[PDB]
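Engineer: I am sharing query15.cif, which consists of mmCIF, C-alpha atoms; chains and numbers go by the auth columns:
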data_query
loop_
_atom_site.group_PDB
_atom_site.id
_atom_site.type_symbol
_atom_site.label_atom_id
_atom_site.label_comp_id
_atom_site.label_asym_id
_atom_site.label_seq_id
_atom_site.Cartn_x
_atom_site.Cartn_y
_atom_site.Cartn_z
_atom_site.B_iso_or_equiv
_atom_site.auth_seq_id
_atom_site.auth_asym_id
ATOM 1 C CA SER A 1 -0.758 13.180 0.934 0.00 2 A
ATOM 2 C CA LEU A 2 -3.962 11.082 1.167 0.00 3 A
ATOM 3 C CA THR A 3 -6.604 11.361 3.904 0.00 4 A
ATOM 4 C CA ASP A 4 -9.126 8.807 5.135 0.00 5 A
ATOM 5 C CA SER A 5 -11.892 10.698 3.382 0.00 6 A
ATOM 6 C CA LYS A 6 -10.091 10.915 -0.034 0.00 7 A
ATOM 7 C CA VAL A 7 -9.463 7.177 0.193 0.00 8 A
ATOM 8 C CA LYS A 8 -13.048 6.322 1.129 0.00 9 A
ATOM 9 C CA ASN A 9 -14.598 8.647 -1.411 0.00 10 A
ATOM 10 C CA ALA A 10 -12.447 7.715 -4.436 0.00 11 A
ATOM 11 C CA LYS A 11 -14.666 6.172 -7.154 0.00 12 A
ATOM 12 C CA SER A 12 -13.670 3.715 -9.847 0.00 13 A
ATOM 13 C CA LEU A 13 -13.267 4.869 -13.405 0.00 14 A
ATOM 14 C CA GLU A 14 -12.912 2.898 -16.639 0.00 15 A
ATOM 15 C CA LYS A 15 -9.250 2.190 -16.143 0.00 16 A
ATOM 16 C CA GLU A 16 -7.207 1.754 -12.960 0.00 17 A
ATOM 17 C CA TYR A 17 -5.673 4.829 -11.457 0.00 18 A
ATOM 18 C CA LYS A 18 -3.197 5.594 -8.643 0.00 19 A
ATOM 19 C CA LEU A 19 -3.644 8.064 -5.849 0.00 20 A
ATOM 20 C CA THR A 20 -0.213 8.817 -4.455 0.00 21 A
ATOM 21 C CA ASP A 21 0.476 9.130 -0.703 0.00 22 A
ATOM 22 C CA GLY A 22 4.233 9.834 -0.928 0.00 23 A
ATOM 23 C CA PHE A 23 7.288 7.825 -0.097 0.00 24 A
ATOM 24 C CA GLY A 24 6.556 5.415 -2.954 0.00 25 A
ATOM 25 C CA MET A 25 3.115 4.406 -1.666 0.00 26 A
ATOM 26 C CA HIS A 26 -0.110 4.756 -3.590 0.00 27 A
ATOM 27 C CA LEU A 27 -3.679 3.526 -3.588 0.00 28 A
ATOM 28 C CA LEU A 28 -4.663 1.739 -6.791 0.00 29 A
ATOM 29 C CA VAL A 29 -8.341 2.326 -7.480 0.00 30 A
ATOM 30 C CA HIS A 30 -9.391 -0.457 -9.832 0.00 31 A
ATOM 31 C CA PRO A 31 -12.292 -0.535 -12.245 0.00 32 A
ATOM 32 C CA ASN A 32 -13.318 -3.792 -10.521 0.00 33 A
ATOM 33 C CA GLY A 33 -14.189 -1.600 -7.536 0.00 34 A
ATOM 34 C CA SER A 34 -11.364 -2.768 -5.354 0.00 35 A
ATOM 35 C CA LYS A 35 -8.748 -0.470 -3.705 0.00 36 A
ATOM 36 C CA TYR A 36 -5.183 -1.774 -3.406 0.00 37 A
ATOM 37 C CA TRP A 37 -2.286 -0.391 -1.354 0.00 38 A
ATOM 38 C CA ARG A 38 1.008 -0.592 -3.227 0.00 39 A
ATOM 39 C CA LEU A 39 4.595 0.404 -2.605 0.00 40 A
ATOM 40 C CA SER A 40 7.056 1.166 -5.407 0.00 41 A
ATOM 41 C CA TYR A 41 10.656 0.387 -4.441 0.00 42 A
ATOM 42 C CA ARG A 42 14.023 -0.486 -5.943 0.00 43 A
ATOM 43 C CA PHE A 43 15.911 -3.675 -5.053 0.00 44 A
ATOM 44 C CA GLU A 44 18.573 -5.752 -6.919 0.00 45 A
ATOM 45 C CA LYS A 45 18.175 -3.051 -8.405 0.00 46 A
ATOM 46 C CA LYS A 46 15.187 -3.122 -10.575 0.00 47 A
ATOM 47 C CA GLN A 47 12.038 -1.171 -9.796 0.00 48 A
ATOM 48 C CA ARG A 48 9.420 -3.367 -8.103 0.00 49 A
ATOM 49 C CA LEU A 49 5.915 -3.093 -6.747 0.00 50 A
ATOM 50 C CA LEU A 50 4.833 -4.503 -3.395 0.00 51 A
ATOM 51 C CA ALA A 51 1.275 -5.270 -2.402 0.00 52 A
ATOM 52 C CA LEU A 52 0.562 -3.888 1.073 0.00 53 A
ATOM 53 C CA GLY A 53 -3.072 -4.911 1.369 0.00 54 A
ATOM 54 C CA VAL A 54 -6.654 -4.085 0.460 0.00 55 A
ATOM 55 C CA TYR A 55 -8.788 -1.175 1.673 0.00 56 A
ATOM 56 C CA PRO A 56 -10.892 -1.162 3.871 0.00 57 A
ATOM 57 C CA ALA A 57 -9.302 -4.313 5.456 0.00 58 A
ATOM 58 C CA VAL A 58 -6.176 -2.168 5.639 0.00 59 A
ATOM 59 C CA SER A 59 -6.702 1.506 6.493 0.00 60 A
ATOM 60 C CA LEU A 60 -4.563 4.406 5.370 0.00 61 A
ATOM 61 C CA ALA A 61 -2.830 4.388 8.757 0.00 62 A
ATOM 62 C CA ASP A 62 -2.307 0.656 8.500 0.00 63 A
ATOM 63 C CA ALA A 63 -0.890 1.056 4.983 0.00 64 A
ATOM 64 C CA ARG A 64 1.604 3.720 6.170 0.00 65 A
ATOM 65 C CA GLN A 65 2.670 1.306 8.949 0.00 66 A
ATOM 66 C CA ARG A 66 3.223 -1.473 6.417 0.00 67 A
ATOM 67 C CA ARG A 67 5.147 0.972 4.193 0.00 68 A
ATOM 68 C CA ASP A 68 7.330 1.788 7.183 0.00 69 A
ATOM 69 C CA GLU A 69 7.969 -1.914 7.849 0.00 70 A
ATOM 70 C CA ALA A 70 8.906 -2.465 4.224 0.00 71 A
ATOM 71 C CA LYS A 71 11.329 0.487 4.315 0.00 72 A
ATOM 72 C CA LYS A 72 12.938 -1.062 7.439 0.00 73 A
ATOM 73 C CA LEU A 73 13.405 -4.370 5.605 0.00 74 A
ATOM 74 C CA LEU A 74 14.895 -2.573 2.616 0.00 75 A
ATOM 75 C CA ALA A 75 17.293 -0.786 4.943 0.00 76 A
ATOM 76 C CA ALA A 76 18.434 -4.140 6.395 0.00 77 A
ATOM 77 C CA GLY A 77 19.050 -5.396 2.878 0.00 78 A
ATOM 78 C CA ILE A 78 15.967 -7.673 2.874 0.00 79 A
ATOM 79 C CA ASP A 79 13.605 -7.848 -0.106 0.00 80 A
ATOM 80 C CA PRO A 80 10.324 -6.720 1.406 0.00 81 A
ATOM 81 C CA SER A 81 8.393 -9.058 -0.943 0.00 82 A
ATOM 82 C CA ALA A 82 9.568 -11.914 1.296 0.00 83 A
ATOM 83 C CA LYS A 83 7.349 -10.668 4.097 0.00 84 A
ATOM 84 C CA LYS A 84 3.804 -11.937 4.835 0.00 85 A
ATOM 85 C CA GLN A 85 2.073 -8.576 4.992 0.00 86 A
ATOM 86 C CA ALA A 86 -0.726 -9.944 7.108 0.00 87 A
ATOM 87 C CA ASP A 87 1.677 -10.467 9.954 0.00 88 A
ATOM 88 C CA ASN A 88 1.403 -6.704 10.349 0.00 89 A
ATOM 89 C CA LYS A 89 -1.673 -6.549 12.548 0.00 90 A
ATOM 90 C CA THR A 90 -4.056 -3.792 11.637 0.00 91 A
ATOM 91 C CA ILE A 91 -5.344 -1.198 14.026 0.00 92 A
ATOM 92 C CA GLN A 92 -8.778 -2.933 14.084 0.00 93 A
ATOM 93 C CA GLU A 93 -7.285 -6.385 14.453 0.00 94 A
ATOM 94 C CA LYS A 94 -5.562 -4.874 17.513 0.00 95 A
ATOM 95 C CA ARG A 95 -8.984 -4.161 18.889 0.00 96 A
#
What would the structure in this file look like if it were written as structure tokens?

Structural biologist:
Amino acid sequence: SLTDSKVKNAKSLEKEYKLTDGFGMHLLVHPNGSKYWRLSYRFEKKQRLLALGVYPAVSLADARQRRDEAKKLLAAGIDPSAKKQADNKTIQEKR
């Protein structure tokens, strides 16, 4: 399971790598320096990858919330790629 500090302190390498958080979610740490939240899921029923947002715009807590929302859509038979992820307000945006 990831922590805020592991996420913050992860450094880019030569090639992209994934830091897994569980339940299909990972942080992609890209050599471009950017950090992407992603969810692996199955639907229709191929394996797919969902973008959940960009750190630090989206925190680890925020990413887990967006994962949860995607799992709810999946459970209702809705492809979670149809969702505008930004409609999930972040904890800071809430402020």

Engineer: Do you have the CA of residue 72 in chain A-CA of residue 19 in chain A distance handy?

Structural biologist: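 Straight-line distance from CA of residue 72 in chain A to CA of residue 19 in chain A works out to 20.1 Å.
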
Engineer: Around (-3.0, -2.9, 12.8) in the file's own coordinates, what residues are found within 10 Å if you use all atoms listed in the file, given back as a PyMOL selection string?

Structural biologist: chain A and resi 58-60+62-64+66-67+87-96

Engineer: Rounded to one decimal in Å, what is the spacing between CA of residue 28 in chain A and CA of residue 42 in chain A?

Structural biologist: 14.7 Å

Engineer: Using all atoms listed in the file, which protein or nucleic acid residues come within 10 Å of residue 21 in chain A? Drop anything in the same chain fewer than 2 positions from it, and give the result as a ChimeraX atom specification.

Structural biologist: /A:2-3,18-19,23-29,38-40

Engineer: May I ask which of the residues A:44, A:7, A:15, A:20 is the closest one to residue 77 in chain A, counting all atoms listed in the file?

Structural biologist: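 Among the listed residues, A:44 lies closest to residue 77 in chain A.
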
Engineer: Could you check which of A:61, A:73, A:37, A:31 is closest to residue 13 in chain A, using all atoms listed in the file?

Structural biologist: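 For residue 13 in chain A, the nearest of the given residues is A:31.
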
Engineer: Report, in Å with one decimal, the straight-line distance from CA of residue 75 in chain A to CA of residue 57 in chain A.

Structural biologist: 25.9 Å

Engineer: Give the answer as one residue: which of A:43, A:65, A:34, A:85 has the shortest atom-to-atom distance to residue 22 in chain A, using only C-alpha atoms?

Structural biologist: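 Among the listed residues, the smallest separation from residue 22 in chain A belongs to A:65.
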
Engineer: Nearest to residue 17 in chain A among A:55, A:86, A:35, A:79, with distances taken over all atoms listed in the file: which residue is it?

Structural biologist: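 Checking each candidate against residue 17 in chain A, we get A:35 as the closest.
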
Engineer: With all atoms listed in the file as the basis for distance, which of A:10, A:36, A:76, A:83 is at the shortest distance from residue 51 in chain A?

Structural biologist: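 Of A:10, A:36, A:76, A:83, the one nearest residue 51 in chain A is A:83, counting all atoms listed in the file.
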
Engineer: Mind giving me the axis-aligned box for range 19-25 of chain A with 6 Å on every side, centre plus edges in Å to one decimal, as lines of an AutoDock Vina configuration file?

Structural biologist:
center_x = 1.8
center_y = 7.6
center_z = -4.4
size_x = 22.9
size_y = 16.4
size_z = 20.5
